[PDB]
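*Asks:* One structure, pasted below without further comment.
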Number of protein chains: 2
Amino acid sequence: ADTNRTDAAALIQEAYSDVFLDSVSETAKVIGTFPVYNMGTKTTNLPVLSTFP
Amino acid sequence: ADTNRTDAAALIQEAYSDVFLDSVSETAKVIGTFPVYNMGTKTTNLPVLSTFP
């Protein structure tokens, strides 16, 4: 006879690991790749040149 | 041949001013005018002489 793993089982803890959770927040790929402007109010006016000399 | 204010318009932002911006005035007067009693409970009884011999 021997003390089996099933006999000792109450003596044995499970563990925990986060390896399959994401390590970092995503971001909008448009924010990552196009120019970003920090707005101070709901509407910003942006002039564009339309015709020239 | 001349440019104009209409051609240049997208270059021309409007200003903002507080000169006529007034908050509401405190027009309330009975608490400053009349005798004030600081109530300590929902109801206060005021005995008065009603009739005399």
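How things are named: the first chain in the structure tokens is A, the next is B, and so on; residues count from 1 in each chain; ligands count from 1 in the order shown.
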At a cut-off of 9 Å, which residues of chain B touch chain A? Count only C-alpha atoms and give the answer as a ChimeraX atom specification.
*Replies:* /B:9-11,13
*Asks:* Lay chain B over chain A with a least-squares fit on all the C-alpha atoms, paired in sequence, and tell me the RMSD.
*Replies:*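 Result: 3.2 Å C-alpha RMSD.
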*Asks:* Quick check, in Å to one decimal: how far apart do atom CA of residue B:6 and atom CA of residue A:52 lie?
*Replies:*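 That distance, rounded to one decimal, is 14.7 Å.
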*Asks:* In Å, with one decimal, what is the gap from atom CA of residue A:40 to atom CA of residue A:28?
*Replies:* 20.2 Å
*Asks:* Apply DSSP to the structure's backbone, then extract all residues of chain B labelled alpha helix (DSSP H) and return them as a ChimeraX atom specification.
*Replies:* /B:5-8,30-33
*Asks:* Would you compute the distance between atom CA of residue A:43 and atom CA of residue B:18? Give it in Å to one decimal.
*Replies:*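 One can read the atom CA of residue A:43 to atom CA of residue B:18 distance as 20.5 Å.
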